[PDB]
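Below, in structure tokens: the form deposited in one PDB entry, a single chain.
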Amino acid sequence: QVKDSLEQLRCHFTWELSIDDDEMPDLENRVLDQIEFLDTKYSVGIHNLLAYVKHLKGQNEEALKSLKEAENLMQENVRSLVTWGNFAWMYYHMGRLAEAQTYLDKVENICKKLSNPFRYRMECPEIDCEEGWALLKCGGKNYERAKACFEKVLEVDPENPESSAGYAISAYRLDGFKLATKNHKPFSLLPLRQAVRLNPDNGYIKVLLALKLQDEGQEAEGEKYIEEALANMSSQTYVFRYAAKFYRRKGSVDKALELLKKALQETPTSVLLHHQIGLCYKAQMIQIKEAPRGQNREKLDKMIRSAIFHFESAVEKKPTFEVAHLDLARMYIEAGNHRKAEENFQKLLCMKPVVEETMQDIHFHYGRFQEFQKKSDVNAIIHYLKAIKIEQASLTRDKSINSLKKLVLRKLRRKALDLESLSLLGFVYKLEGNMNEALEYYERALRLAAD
């Protein structure tokens, strides 16, 4: 009966935060990193999230210490209702019901005073934002909801700085999910400009705008914001993360490594940094290949070794880091370690990424591996088709269609009356939009089928 009341409270226990079991350690580390290095006006939500994590670990006593710390720092506000809601849920799981009802009454009293329509569900913009920040911290499966929280606020107060920031970040990350789909549009460009305007001293938002400007070819304008963000000390380690990405994609790879190595001293468990660092060594590996033996060779194997070390570290800390697992498997091919590349690809082939489009790249690169390392056109076709089976138009999907086409044409030159090759070729022409030639080949193949 008390449970029916607790379920109405707005807090981490009722926000249906999707948290995979394999992501708990990395989540905890990312929460702790944020407590130390992220500069924000309010730090109530982050400590409340830490408490919820502790609870999920079975350390309920430790959660109360993070809730009580969240309340002490609050002294230095309606957002307290989030803390009181977690208090109520905690005491409930611990059998201390009497104390739980006290915090239910605290929430009810405030709800009573603010003429709130609900007995326990406080309807205000601050708590909408707290829900948004929690979702935006617990993995990509929650970003659509997170954007909705912030968007809900901007429908009544379009210049609310906090929601404008959460909305911009969510939109930017969702754009990142679709960065390789055809006709993808920068929905997050204007929201980011608006967020920077309403948070002029926020560097975290400035670097995201820079990267989005770089995405749209306006690289020069983006670097202006990079320099502005690096100026203020606000959340500098996070500015180092995204500043490195900008400089790497700009071509100044050496500048990025320096920033990442600095950032790694502060957040040594950041899988994002480990991945970025690996991408840097991968970038330097392509630079030398342009011009290997001697000290030139010792450099590649050293960098390949480092890229593997950091990619291997990222997936160790976060086993759900799919694209890092993919970069790892691809790097083992650069090292000639087909044994380990096969091992990781088999891991990737059993995954179901949140961004399902990523599965195209998994099948595509494994297809190339089959085509070039294993010289097995049969298995290359299987995985080029599986990549194509995810209809969402993209760059990798076009590459899968072309690789399928070229490789199928090779079969027909050795055997022009191969039924399977004719039908696959007709299938290719269907994907290319030329329906007349597709019907032609399907019909030609269906004649050979009549035997």
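The numbering used is simple: start at 1 and walk along the sequence shown. By rigid core we mean the largest C-alpha set that fits within 1.5 Å across both forms.
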item	value
Length class of the unmodelled deposited segment, which would lie between residue 291 and residue 292	4 to 9
Residues of the deposited sequence that sit between residue 77 and residue 76 yet are not modelled	4 to 9
Mean C-alpha temperature factor, higher of 391 to 399 and 414 to 422	414 to 422
313 to 321 versus 250 to 258 - which carries the larger mean C-alpha B factor in the record	250 to 258
Top Cα B factor in the deposited entry, candidates 272, 349, 285, 165	285
Out of 46, 64, 407, 385, residue topping the C-alpha B-factor column of the entry	64
Chain-wide C-alpha B factor ranking for residue 147, given as lowest, middle or highest third	lowest
Among modelled residues of the same chain, the CA temperature factor third for residue 191	middle
Residue 88 by Cα B-factor - lowest, middle or highest third of the modelled chain	highest
Lowest, middle or highest third - CA B-factor, residue 174	lowest
CA B-factor placement of residue 358, once the chain's modelled residues are sorted into thirds	lowest
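The protein also exists as the form deposited in another entry; that form is not presented, and the subsequent description refers to it.
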property	result
Conformational change between the shown form and the other one, one of 223, 377, 157, 316, C-alpha moving 2 Å or more after core fit	377
Threshold 2 Å Cα movement between the shown form and the other one at residue 117, rigid core reference	yes
Per-residue C-alpha change between the shown form and the other one, residue 439, threshold 2 Å, rigid core fit	yes
Yes/no, residue 41 Cα shift of 2 Å or more between the shown form and the other one with rigid core fixed	no
